[PDB]
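Enquirer: Hey, dropping final_9.txt in here, compact mmCIF, N, CA and C atoms and all ligand atoms:
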```
# COMPACT_ATOMS: atom_id res chain seq x y z
N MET A 1 148.26 118.96 105.00
CA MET A 1 147.74 118.38 103.67
C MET A 1 146.61 117.40 103.96
N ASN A 2 145.68 117.22 103.03
CA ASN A 2 144.70 116.11 103.14
C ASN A 2 145.41 114.81 102.80
N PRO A 3 144.96 113.68 103.37
CA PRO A 3 145.45 112.39 102.93
C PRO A 3 144.76 112.07 101.62
N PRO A 4 145.26 111.06 100.88
CA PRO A 4 144.50 110.51 99.79
C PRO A 4 143.21 109.95 100.33
N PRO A 5 142.15 109.83 99.49
CA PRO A 5 140.90 109.22 99.92
C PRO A 5 141.11 107.75 100.21
N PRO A 6 140.20 107.11 100.95
CA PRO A 6 140.31 105.66 101.16
C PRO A 6 140.26 104.90 99.83
N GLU A 7 140.89 103.73 99.78
CA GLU A 7 140.78 102.83 98.63
C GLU A 7 139.31 102.53 98.36
N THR A 8 138.94 102.47 97.08
CA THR A 8 137.54 102.25 96.66
C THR A 8 137.41 101.17 95.59
N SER A 9 138.49 100.78 94.93
CA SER A 9 138.46 99.84 93.78
C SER A 9 139.70 98.97 93.87
N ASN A 10 139.53 97.68 93.77
CA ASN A 10 140.69 96.77 93.71
C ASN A 10 140.34 95.61 92.78
N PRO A 11 140.87 95.59 91.55
CA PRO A 11 140.48 94.58 90.57
C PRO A 11 140.77 93.15 91.04
N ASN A 12 141.65 93.01 92.03
CA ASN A 12 142.15 91.69 92.49
C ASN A 12 141.23 91.12 93.58
N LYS A 13 140.34 91.94 94.14
CA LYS A 13 139.41 91.46 95.17
C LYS A 13 138.29 90.69 94.50
N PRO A 14 137.86 89.55 95.08
CA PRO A 14 136.74 88.79 94.54
C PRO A 14 135.46 89.62 94.69
N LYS A 15 134.45 89.30 93.90
CA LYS A 15 133.25 90.14 93.74
C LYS A 15 132.05 89.23 93.91
N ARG A 16 131.03 89.66 94.63
CA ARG A 16 129.77 88.93 94.69
C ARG A 16 128.63 89.94 94.77
N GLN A 17 127.51 89.56 94.17
CA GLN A 17 126.17 90.22 94.23
C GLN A 17 125.41 89.60 95.39
N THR A 18 124.96 90.39 96.36
CA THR A 18 124.04 89.84 97.38
C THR A 18 122.85 90.78 97.55
N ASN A 19 121.76 90.22 97.99
CA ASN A 19 120.56 91.01 98.33
C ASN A 19 120.96 92.16 99.27
N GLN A 20 121.78 91.85 100.29
CA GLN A 20 122.18 92.86 101.31
C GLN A 20 123.01 93.96 100.68
N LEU A 21 124.05 93.63 99.90
CA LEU A 21 124.87 94.69 99.25
C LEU A 21 124.03 95.51 98.27
N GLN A 22 123.13 94.90 97.49
CA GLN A 22 122.28 95.68 96.55
C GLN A 22 121.41 96.65 97.36
N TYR A 23 120.84 96.17 98.46
CA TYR A 23 119.97 97.01 99.34
C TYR A 23 120.78 98.16 99.93
N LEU A 24 122.01 97.89 100.35
CA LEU A 24 122.86 98.96 100.91
C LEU A 24 123.11 100.08 99.88
N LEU A 25 123.24 99.75 98.61
CA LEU A 25 123.45 100.81 97.59
C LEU A 25 122.13 101.44 97.16
N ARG A 26 121.17 100.61 96.79
CA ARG A 26 119.92 101.03 96.09
C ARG A 26 118.96 101.68 97.07
N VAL A 27 119.03 101.30 98.35
CA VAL A 27 118.10 101.82 99.39
C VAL A 27 118.88 102.69 100.37
N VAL A 28 119.84 102.14 101.08
CA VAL A 28 120.45 102.82 102.24
C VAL A 28 121.28 104.04 101.77
N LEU A 29 122.25 103.85 100.91
CA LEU A 29 123.08 104.98 100.39
C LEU A 29 122.15 105.95 99.67
N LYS A 30 121.24 105.47 98.80
CA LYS A 30 120.36 106.39 98.04
C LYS A 30 119.59 107.29 99.01
N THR A 31 119.00 106.70 100.04
CA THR A 31 118.12 107.46 100.95
C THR A 31 118.96 108.50 101.70
N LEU A 32 120.08 108.10 102.27
CA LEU A 32 120.90 109.04 103.06
C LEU A 32 121.48 110.11 102.13
N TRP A 33 121.85 109.75 100.90
CA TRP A 33 122.48 110.72 99.99
C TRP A 33 121.55 111.92 99.78
N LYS A 34 120.27 111.62 99.59
CA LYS A 34 119.28 112.62 99.18
C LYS A 34 118.74 113.40 100.38
N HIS A 35 119.19 113.11 101.58
CA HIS A 35 118.69 113.78 102.80
C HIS A 35 119.20 115.21 102.87
N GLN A 36 118.40 116.10 103.45
CA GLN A 36 118.85 117.52 103.52
C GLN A 36 120.10 117.66 104.39
N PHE A 37 120.39 116.73 105.29
CA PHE A 37 121.64 116.81 106.12
C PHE A 37 122.82 116.07 105.50
N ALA A 38 122.69 115.58 104.29
CA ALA A 38 123.75 114.69 103.72
C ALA A 38 125.00 115.50 103.30
N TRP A 39 124.86 116.76 102.90
CA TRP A 39 125.93 117.47 102.16
C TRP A 39 127.29 117.44 102.86
N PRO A 40 127.42 117.54 104.21
CA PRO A 40 128.75 117.49 104.82
C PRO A 40 129.43 116.14 104.65
N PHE A 41 128.64 115.13 104.35
CA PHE A 41 129.07 113.72 104.41
C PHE A 41 129.18 113.08 103.02
N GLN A 42 128.99 113.86 101.97
CA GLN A 42 128.99 113.33 100.57
C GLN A 42 130.39 113.23 99.97
N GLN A 43 131.42 113.66 100.67
CA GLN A 43 132.79 113.64 100.15
C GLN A 43 133.72 113.66 101.33
N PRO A 44 135.00 113.29 101.13
CA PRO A 44 135.98 113.41 102.21
C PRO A 44 136.03 114.84 102.74
N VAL A 45 136.35 114.97 104.01
CA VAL A 45 136.60 116.30 104.63
C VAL A 45 137.85 116.91 104.00
N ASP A 46 137.68 118.05 103.35
CA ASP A 46 138.77 118.85 102.79
C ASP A 46 139.22 119.84 103.86
N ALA A 47 140.20 119.42 104.66
CA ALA A 47 140.69 120.20 105.81
C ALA A 47 141.52 121.41 105.33
N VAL A 48 142.06 121.39 104.11
CA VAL A 48 142.74 122.58 103.54
C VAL A 48 141.70 123.65 103.21
N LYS A 49 140.68 123.30 102.42
CA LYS A 49 139.59 124.26 102.08
C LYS A 49 138.94 124.79 103.36
N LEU A 50 138.69 123.93 104.34
CA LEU A 50 137.93 124.34 105.56
C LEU A 50 138.85 124.97 106.61
N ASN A 51 140.17 124.99 106.40
CA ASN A 51 141.13 125.56 107.39
C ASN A 51 140.96 124.81 108.72
N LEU A 52 141.02 123.47 108.70
CA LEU A 52 141.00 122.61 109.92
C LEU A 52 142.30 121.81 110.02
N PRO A 53 143.44 122.46 110.35
CA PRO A 53 144.73 121.77 110.35
C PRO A 53 144.85 120.58 111.32
N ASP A 54 143.93 120.50 112.27
CA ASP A 54 143.91 119.41 113.28
C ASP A 54 143.03 118.24 112.83
N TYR A 55 142.23 118.37 111.77
CA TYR A 55 141.21 117.31 111.45
C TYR A 55 141.89 115.94 111.32
N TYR A 56 142.95 115.86 110.50
CA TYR A 56 143.60 114.57 110.20
C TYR A 56 144.68 114.28 111.26
N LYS A 57 144.85 115.12 112.26
CA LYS A 57 145.61 114.77 113.48
C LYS A 57 144.71 113.96 114.41
N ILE A 58 143.40 114.24 114.38
CA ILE A 58 142.39 113.63 115.28
C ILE A 58 141.78 112.39 114.59
N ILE A 59 141.41 112.54 113.32
CA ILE A 59 140.68 111.51 112.53
C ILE A 59 141.70 110.75 111.67
N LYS A 60 142.05 109.56 112.13
CA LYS A 60 143.02 108.68 111.44
C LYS A 60 142.31 107.64 110.60
N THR A 61 140.99 107.51 110.71
CA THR A 61 140.23 106.55 109.89
C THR A 61 139.11 107.32 109.19
N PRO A 62 139.45 108.18 108.21
CA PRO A 62 138.44 108.98 107.55
C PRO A 62 137.44 108.11 106.80
N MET A 63 136.20 108.59 106.71
CA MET A 63 135.21 107.91 105.86
C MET A 63 134.10 108.86 105.52
N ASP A 64 133.43 108.63 104.42
CA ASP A 64 132.38 109.53 103.91
C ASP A 64 131.48 108.77 102.93
N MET A 65 130.32 109.31 102.62
CA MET A 65 129.39 108.56 101.75
C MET A 65 129.85 108.52 100.29
N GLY A 66 130.62 109.49 99.82
CA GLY A 66 131.18 109.40 98.45
C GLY A 66 132.04 108.14 98.33
N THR A 67 132.87 107.91 99.32
CA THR A 67 133.74 106.71 99.41
C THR A 67 132.87 105.47 99.52
N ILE A 68 131.83 105.48 100.34
CA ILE A 68 130.97 104.30 100.53
C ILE A 68 130.25 103.98 99.20
N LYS A 69 129.72 104.98 98.53
CA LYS A 69 129.08 104.79 97.22
C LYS A 69 130.08 104.11 96.28
N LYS A 70 131.29 104.62 96.20
CA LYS A 70 132.32 104.00 95.29
C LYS A 70 132.58 102.55 95.70
N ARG A 71 132.76 102.29 96.98
CA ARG A 71 133.06 100.92 97.42
C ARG A 71 131.91 99.99 97.03
N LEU A 72 130.65 100.38 97.27
CA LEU A 72 129.50 99.52 96.89
C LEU A 72 129.50 99.30 95.37
N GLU A 73 129.58 100.37 94.60
CA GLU A 73 129.32 100.28 93.15
C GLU A 73 130.50 99.58 92.44
N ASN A 74 131.67 99.55 93.06
CA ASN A 74 132.88 98.86 92.55
C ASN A 74 132.98 97.45 93.10
N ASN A 75 131.96 96.98 93.82
CA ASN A 75 131.97 95.63 94.44
C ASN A 75 133.23 95.46 95.27
N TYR A 76 133.65 96.49 96.00
CA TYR A 76 134.79 96.47 96.92
C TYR A 76 134.46 95.64 98.17
N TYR A 77 133.22 95.73 98.64
CA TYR A 77 132.78 95.00 99.83
C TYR A 77 132.37 93.57 99.47
N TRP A 78 132.82 92.61 100.26
CA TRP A 78 132.34 91.22 100.20
C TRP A 78 131.22 91.01 101.22
N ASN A 79 131.40 91.57 102.41
CA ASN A 79 130.42 91.40 103.52
C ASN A 79 129.65 92.71 103.72
N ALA A 80 128.36 92.60 103.94
CA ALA A 80 127.51 93.77 104.25
C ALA A 80 128.11 94.48 105.47
N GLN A 81 128.67 93.75 106.42
CA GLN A 81 129.21 94.33 107.66
C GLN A 81 130.30 95.35 107.32
N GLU A 82 131.08 95.13 106.28
CA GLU A 82 132.14 96.08 105.92
C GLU A 82 131.53 97.45 105.62
N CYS A 83 130.42 97.45 104.92
CA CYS A 83 129.74 98.70 104.55
C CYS A 83 129.13 99.36 105.80
N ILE A 84 128.44 98.57 106.61
CA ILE A 84 127.84 99.08 107.86
C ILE A 84 128.94 99.68 108.76
N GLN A 85 130.10 99.01 108.84
CA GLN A 85 131.25 99.54 109.61
C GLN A 85 131.66 100.91 109.06
N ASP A 86 131.72 101.06 107.75
CA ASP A 86 132.15 102.34 107.17
C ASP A 86 131.14 103.44 107.53
N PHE A 87 129.86 103.16 107.41
CA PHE A 87 128.85 104.16 107.86
C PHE A 87 129.08 104.52 109.33
N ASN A 88 129.30 103.53 110.18
CA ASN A 88 129.54 103.80 111.61
C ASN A 88 130.81 104.64 111.80
N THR A 89 131.89 104.34 111.08
CA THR A 89 133.12 105.15 111.16
C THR A 89 132.82 106.61 110.79
N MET A 90 132.06 106.83 109.73
CA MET A 90 131.73 108.18 109.29
C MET A 90 130.98 108.91 110.42
N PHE A 91 129.98 108.29 111.03
CA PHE A 91 129.21 108.97 112.10
C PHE A 91 130.12 109.24 113.30
N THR A 92 130.88 108.21 113.75
CA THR A 92 131.74 108.38 114.92
C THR A 92 132.83 109.41 114.64
N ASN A 93 133.37 109.51 113.44
CA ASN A 93 134.37 110.56 113.16
C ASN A 93 133.76 111.94 113.47
N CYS A 94 132.54 112.15 113.07
CA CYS A 94 131.86 113.43 113.32
C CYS A 94 131.72 113.65 114.85
N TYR A 95 131.31 112.62 115.57
CA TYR A 95 131.17 112.72 117.04
C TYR A 95 132.54 112.94 117.70
N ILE A 96 133.61 112.35 117.16
CA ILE A 96 134.97 112.54 117.74
C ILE A 96 135.45 113.98 117.50
N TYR A 97 135.40 114.45 116.28
CA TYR A 97 136.05 115.74 115.95
C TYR A 97 135.27 116.88 116.62
N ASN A 98 133.93 116.77 116.63
CA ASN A 98 133.01 117.81 117.15
C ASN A 98 132.66 117.52 118.63
N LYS A 99 131.66 118.20 119.15
CA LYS A 99 131.31 118.17 120.58
C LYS A 99 129.83 117.89 120.73
N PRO A 100 129.43 117.23 121.84
CA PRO A 100 128.04 116.88 122.07
C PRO A 100 127.15 118.11 121.88
N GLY A 101 126.11 117.95 121.08
CA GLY A 101 125.10 119.02 120.89
C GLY A 101 125.49 120.06 119.83
N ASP A 102 126.65 119.93 119.15
CA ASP A 102 126.97 120.83 118.00
C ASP A 102 125.98 120.56 116.83
N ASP A 103 125.66 121.57 116.03
CA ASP A 103 124.74 121.39 114.88
C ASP A 103 125.17 120.21 113.99
N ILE A 104 126.45 120.11 113.68
CA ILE A 104 126.90 119.03 112.73
C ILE A 104 126.68 117.67 113.41
N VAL A 105 126.89 117.61 114.73
CA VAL A 105 126.67 116.37 115.48
C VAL A 105 125.20 115.96 115.39
N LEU A 106 124.29 116.91 115.59
CA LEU A 106 122.83 116.62 115.48
C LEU A 106 122.50 116.11 114.05
N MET A 107 123.11 116.69 113.05
CA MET A 107 122.90 116.25 111.66
C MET A 107 123.34 114.80 111.51
N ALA A 108 124.53 114.49 111.99
CA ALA A 108 125.06 113.11 111.93
C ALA A 108 124.14 112.16 112.70
N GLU A 109 123.69 112.57 113.90
CA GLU A 109 122.80 111.73 114.71
C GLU A 109 121.50 111.45 113.95
N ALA A 110 120.93 112.46 113.30
CA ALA A 110 119.67 112.29 112.53
C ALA A 110 119.93 111.31 111.36
N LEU A 111 121.04 111.47 110.66
CA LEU A 111 121.38 110.52 109.56
C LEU A 111 121.60 109.11 110.12
N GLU A 112 122.26 108.99 111.26
CA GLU A 112 122.49 107.66 111.88
C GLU A 112 121.16 107.01 112.26
N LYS A 113 120.23 107.79 112.81
CA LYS A 113 118.91 107.22 113.17
C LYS A 113 118.21 106.69 111.91
N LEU A 114 118.27 107.43 110.81
CA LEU A 114 117.62 107.00 109.55
C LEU A 114 118.36 105.77 108.98
N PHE A 115 119.68 105.80 109.02
CA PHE A 115 120.50 104.61 108.69
C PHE A 115 119.97 103.39 109.43
N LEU A 116 119.85 103.50 110.75
CA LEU A 116 119.39 102.35 111.57
C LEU A 116 117.97 101.91 111.16
N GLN A 117 117.05 102.84 110.87
CA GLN A 117 115.70 102.46 110.40
C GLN A 117 115.83 101.67 109.08
N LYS A 118 116.75 102.07 108.22
CA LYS A 118 116.87 101.38 106.93
C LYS A 118 117.58 100.01 107.11
N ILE A 119 118.62 99.94 107.94
CA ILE A 119 119.40 98.68 108.21
C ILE A 119 118.46 97.68 108.87
N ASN A 120 117.47 98.17 109.62
CA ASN A 120 116.46 97.30 110.29
C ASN A 120 115.78 96.40 109.25
N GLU A 121 115.59 96.89 108.03
CA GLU A 121 114.89 96.19 106.93
C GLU A 121 115.89 95.58 105.93
N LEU A 122 117.16 95.38 106.34
CA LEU A 122 118.20 94.70 105.53
C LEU A 122 117.65 93.31 105.22
N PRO A 123 117.51 92.95 103.91
CA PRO A 123 116.93 91.66 103.52
C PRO A 123 117.80 90.46 103.94
N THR A 124 117.17 89.28 103.96
CA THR A 124 117.81 87.97 104.21
C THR A 124 118.33 87.41 102.88
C1 LIG B 1 132.20 125.84 104.35
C2 LIG B 1 131.85 124.84 103.25
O1 LIG B 1 131.58 123.58 103.89
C3 LIG B 1 131.25 122.50 103.11
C4 LIG B 1 130.75 122.58 101.81
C5 LIG B 1 130.40 121.41 101.13
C6 LIG B 1 129.64 121.49 99.81
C7 LIG B 1 128.21 120.94 99.94
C8 LIG B 1 127.49 121.01 98.59
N1 LIG B 1 128.21 120.26 97.57
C9 LIG B 1 127.45 120.25 96.31
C10 LIG B 1 129.53 120.84 97.37
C11 LIG B 1 130.36 120.77 98.66
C12 LIG B 1 130.62 120.19 101.74
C13 LIG B 1 131.13 120.10 103.02
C14 LIG B 1 131.42 121.26 103.73
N2 LIG B 1 131.78 121.26 105.08
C15 LIG B 1 132.05 120.25 105.97
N3 LIG B 1 132.18 119.00 105.50
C16 LIG B 1 132.24 118.03 106.42
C17 LIG B 1 132.15 118.27 107.80
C18 LIG B 1 132.11 119.63 108.18
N4 LIG B 1 132.03 120.63 107.27
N5 LIG B 1 132.26 119.97 109.52
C19 LIG B 1 131.76 121.23 110.08
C20 LIG B 1 132.81 122.27 110.38
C21 LIG B 1 133.36 123.03 109.36
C22 LIG B 1 134.24 124.06 109.64
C23 LIG B 1 134.58 124.35 110.95
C24 LIG B 1 134.06 123.59 111.97
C25 LIG B 1 133.17 122.56 111.69
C26 LIG B 1 132.76 118.97 110.48
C27 LIG B 1 134.27 119.15 110.70
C28 LIG B 1 135.07 118.95 109.43
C29 LIG B 1 132.45 117.53 110.12
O2 LIG B 1 132.56 116.64 110.95
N6 LIG B 1 132.13 117.27 108.80
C30 LIG B 1 131.98 115.87 108.42
```
Before anything else, please render the file you have as C-alpha cells.
Expert:
Amino acid sequence: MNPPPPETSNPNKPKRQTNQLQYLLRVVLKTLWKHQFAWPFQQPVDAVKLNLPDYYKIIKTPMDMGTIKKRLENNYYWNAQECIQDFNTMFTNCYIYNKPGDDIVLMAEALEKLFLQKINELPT
C-alpha cells in the first residue's frame, strides 16, 4: 500500500510571512514546477500504480513538490531551511531508489542544479 502523504497543514502551528518563504513559493517552486523534467516529482510516488512494491520499503522519508507547494502555501514552514530540506529529501530519495546515471537520476540532478541556482538568489 502507499503511505498517506506527508502532513501539509496544521492550524495549530504559528505562521509568518518572510521574504525567503515567499521567494521559495513564487520563484523556486514555480520555476521547478514548470520544468520539462518536473512531472515525476509533482506528486507523491504512487507505488501501487507503478507496480514498485519495494519503493516504501527503501524510501521511509517520502517527499515531492506537490507536498512542498502545499506546505509553503499553507504556511506550514516557519524556517526557509525546512523547505530547502524537503527539496533535498526529494532529490536524495530519487538518488537512493534509482542508480547512478539512470534517466530519472539525471532529471533529478538537472532539477537540483536549477534549484541551487535559484537558492543562490534567496533574498535577505
Ligand atoms: C508510468 C507513469 O509514470 C508517471 C506518470 C505521472 C504523470 C505525469 C503527468 N501528470 C499530469 C500526471 C501524472 C507522474 C509520475 C510517474 N512516474 C514516476 N513518478 C515518480 C518517479 C518515477 N516515476 N520513477 C521512475 C520509475 C518508474 C517505474 C519503474 C522504475 C522507475 C522513480 C521511481 C518511483 C522516481 O524516483 N520517481 C520520483
Enquirer: Distance limit 8 Å, reference ligand LIG 1 (chain B), atoms considered: all atoms listed in the file. Which residues make the cut? Give them as an mmCIF file with N, CA and C atoms, in the frame of the given file.
Expert:
```cif
data_model
loop_
_atom_site.group_PDB
_atom_site.id
_atom_site.type_symbol
_atom_site.label_atom_id
_atom_site.label_comp_id
_atom_site.auth_asym_id
_atom_site.auth_seq_id
_atom_site.Cartn_x
_atom_site.Cartn_y
_atom_site.Cartn_z
ATOM 1 N N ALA A 38 122.690 115.580 104.290
ATOM 2 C CA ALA A 38 123.750 114.690 103.720
ATOM 3 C C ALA A 38 125.000 115.500 103.300
ATOM 4 N N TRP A 39 124.860 116.760 102.900
ATOM 5 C CA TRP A 39 125.930 117.470 102.160
ATOM 6 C C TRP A 39 127.290 117.440 102.860
ATOM 7 N N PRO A 40 127.420 117.540 104.210
ATOM 8 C CA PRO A 40 128.750 117.490 104.820
ATOM 9 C C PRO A 40 129.430 116.140 104.650
ATOM 10 N N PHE A 41 128.640 115.130 104.350
ATOM 11 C CA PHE A 41 129.070 113.720 104.410
ATOM 12 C C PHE A 41 129.180 113.080 103.020
ATOM 13 N N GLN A 42 128.990 113.860 101.970
ATOM 14 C CA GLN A 42 128.990 113.330 100.570
ATOM 15 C C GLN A 42 130.390 113.230 99.970
ATOM 16 N N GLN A 43 131.420 113.660 100.670
ATOM 17 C CA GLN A 43 132.790 113.640 100.150
ATOM 18 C C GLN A 43 133.720 113.660 101.330
ATOM 19 N N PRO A 44 135.000 113.290 101.130
ATOM 20 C CA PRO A 44 135.980 113.410 102.210
ATOM 21 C C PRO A 44 136.030 114.840 102.740
ATOM 22 N N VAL A 45 136.350 114.970 104.010
ATOM 23 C CA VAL A 45 136.600 116.300 104.630
ATOM 24 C C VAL A 45 137.850 116.910 104.000
ATOM 25 N N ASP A 46 137.680 118.050 103.350
ATOM 26 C CA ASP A 46 138.770 118.850 102.790
ATOM 27 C C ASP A 46 139.220 119.840 103.860
ATOM 28 N N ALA A 47 140.200 119.420 104.660
ATOM 29 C CA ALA A 47 140.690 120.200 105.810
ATOM 30 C C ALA A 47 141.520 121.410 105.330
ATOM 31 N N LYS A 49 140.680 123.300 102.420
ATOM 32 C CA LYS A 49 139.590 124.260 102.080
ATOM 33 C C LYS A 49 138.940 124.790 103.360
ATOM 34 N N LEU A 50 138.690 123.930 104.340
ATOM 35 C CA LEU A 50 137.930 124.340 105.560
ATOM 36 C C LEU A 50 138.850 124.970 106.610
ATOM 37 N N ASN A 51 140.170 124.990 106.400
ATOM 38 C CA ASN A 51 141.130 125.560 107.390
ATOM 39 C C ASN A 51 140.960 124.810 108.720
ATOM 40 N N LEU A 52 141.020 123.470 108.700
ATOM 41 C CA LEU A 52 141.000 122.610 109.920
ATOM 42 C C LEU A 52 142.300 121.810 110.020
ATOM 43 N N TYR A 55 142.230 118.370 111.770
ATOM 44 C CA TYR A 55 141.210 117.310 111.450
ATOM 45 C C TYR A 55 141.890 115.940 111.320
ATOM 46 N N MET A 63 136.200 108.590 106.710
ATOM 47 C CA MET A 63 135.210 107.910 105.860
ATOM 48 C C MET A 63 134.100 108.860 105.520
ATOM 49 N N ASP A 64 133.430 108.630 104.420
ATOM 50 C CA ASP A 64 132.380 109.530 103.910
ATOM 51 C C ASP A 64 131.480 108.770 102.930
ATOM 52 N N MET A 90 132.060 106.830 109.730
ATOM 53 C CA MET A 90 131.730 108.180 109.290
ATOM 54 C C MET A 90 130.980 108.910 110.420
ATOM 55 N N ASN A 93 133.370 109.510 113.440
ATOM 56 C CA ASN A 93 134.370 110.560 113.160
ATOM 57 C C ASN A 93 133.760 111.940 113.470
ATOM 58 N N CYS A 94 132.540 112.150 113.070
ATOM 59 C CA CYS A 94 131.860 113.430 113.320
ATOM 60 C C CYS A 94 131.720 113.650 114.850
ATOM 61 N N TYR A 95 131.310 112.620 115.570
ATOM 62 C CA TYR A 95 131.170 112.720 117.040
ATOM 63 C C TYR A 95 132.540 112.940 117.700
ATOM 64 N N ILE A 96 133.610 112.350 117.160
ATOM 65 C CA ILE A 96 134.970 112.540 117.740
ATOM 66 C C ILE A 96 135.450 113.980 117.500
ATOM 67 N N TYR A 97 135.400 114.450 116.280
ATOM 68 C CA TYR A 97 136.050 115.740 115.950
ATOM 69 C C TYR A 97 135.270 116.880 116.620
ATOM 70 N N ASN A 98 133.930 116.770 116.630
ATOM 71 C CA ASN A 98 133.010 117.810 117.150
ATOM 72 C C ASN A 98 132.660 117.520 118.630
ATOM 73 N N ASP A 103 125.660 121.570 116.030
ATOM 74 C CA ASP A 103 124.740 121.390 114.880
ATOM 75 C C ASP A 103 125.170 120.210 113.990
ATOM 76 N N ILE A 104 126.450 120.110 113.680
ATOM 77 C CA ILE A 104 126.900 119.030 112.730
ATOM 78 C C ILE A 104 126.680 117.670 113.410
ATOM 79 N N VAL A 105 126.890 117.610 114.730
ATOM 80 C CA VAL A 105 126.670 116.370 115.480
ATOM 81 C C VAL A 105 125.200 115.960 115.390
#
```
Enquirer: Measure the distance from atom N of residue 122 in chain A to CA of residue 9 in chain A in Å and round it to one decimal.
Expert: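 It comes out at 25.1 Å.
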Enquirer: Of the candidates A:102, A:32, A:21, A:113, which one gets nearest to residue 79 in chain A if we count only N, CA and C atoms?
Expert: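 Using only N, CA and C atoms, residue 79 in chain A sits closest to A:21.
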Enquirer: Which is closest to residue 110 in chain A among A:56, A:18, A:37, A:28, if we use all atoms listed in the file?
Expert: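 Selected residue with least distance to residue 110 in chain A: A:37.
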Enquirer: Please extract the residues of range 12-64 of chain A with a backbone DSSP assignment of helix (DSSP H, G or I) and present them as a VMD selection string.
Expert: chain A and resid 19 to 33 39 to 41 55 to 58
Enquirer: Using only C-alpha atoms, which of A:36, A:67, A:8, A:20 sits nearest residue 81 in chain A?
Expert: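 Nearest to residue 81 in chain A: A:20.
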Enquirer: Enter the distance from CA of residue 34 in chain A to CA of residue 114 in chain A, in Å, rounded to one decimal.
Expert: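 Between these atoms lies a distance of 11.9 Å.
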Enquirer: With the input short on atoms, add N, CA, C and O atoms back to range 93-105 of chain A and write it as a tab-separated table (two decimals), keeping the file's coordinate frame.
Expert:
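Printed below is rebuild.tsv as written:
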```
chain	number	residue	atom	x	y	z
A	93	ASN	N	133.37	109.51	113.44
A	93	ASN	CA	134.37	110.56	113.16
A	93	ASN	C	133.76	111.94	113.47
A	93	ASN	O	134.45	112.81	113.99
A	94	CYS	N	132.54	112.15	113.07
A	94	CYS	CA	131.86	113.43	113.32
A	94	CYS	C	131.72	113.65	114.85
A	94	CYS	O	132.00	114.75	115.33
A	95	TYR	N	131.31	112.62	115.57
A	95	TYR	CA	131.17	112.72	117.04
A	95	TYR	C	132.54	112.94	117.70
A	95	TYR	O	132.60	113.69	118.72
A	96	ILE	N	133.61	112.35	117.16
A	96	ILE	CA	134.97	112.54	117.74
A	96	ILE	C	135.45	113.98	117.50
A	96	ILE	O	135.92	114.62	118.43
A	97	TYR	N	135.40	114.45	116.28
A	97	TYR	CA	136.05	115.74	115.95
A	97	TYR	C	135.27	116.88	116.62
A	97	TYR	O	135.89	117.85	117.07
A	98	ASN	N	133.93	116.77	116.63
A	98	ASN	CA	133.01	117.81	117.15
A	98	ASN	C	132.66	117.52	118.63
A	98	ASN	O	133.31	116.67	119.29
A	99	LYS	N	131.66	118.20	119.15
A	99	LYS	CA	131.31	118.17	120.58
A	99	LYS	C	129.83	117.89	120.73
A	99	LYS	O	129.05	118.22	119.85
A	100	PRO	N	129.43	117.23	121.84
A	100	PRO	CA	128.04	116.88	122.07
A	100	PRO	C	127.15	118.11	121.88
A	100	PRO	O	127.45	119.19	122.42
A	101	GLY	N	126.11	117.95	121.08
A	101	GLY	CA	125.10	119.02	120.89
A	101	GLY	C	125.49	120.06	119.83
A	101	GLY	O	124.62	120.94	119.54
A	102	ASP	N	126.65	119.93	119.15
A	102	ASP	CA	126.97	120.83	118.00
A	102	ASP	C	125.98	120.56	116.83
A	102	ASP	O	125.48	119.38	116.69
A	103	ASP	N	125.66	121.57	116.03
A	103	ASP	CA	124.74	121.39	114.88
A	103	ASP	C	125.17	120.21	113.99
A	103	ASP	O	124.32	119.42	113.60
A	104	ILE	N	126.45	120.11	113.68
A	104	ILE	CA	126.90	119.03	112.73
A	104	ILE	C	126.68	117.67	113.41
A	104	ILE	O	126.40	116.67	112.69
A	105	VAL	N	126.89	117.61	114.73
A	105	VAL	CA	126.67	116.37	115.48
A	105	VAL	C	125.20	115.96	115.39
A	105	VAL	O	124.87	114.77	115.17
```
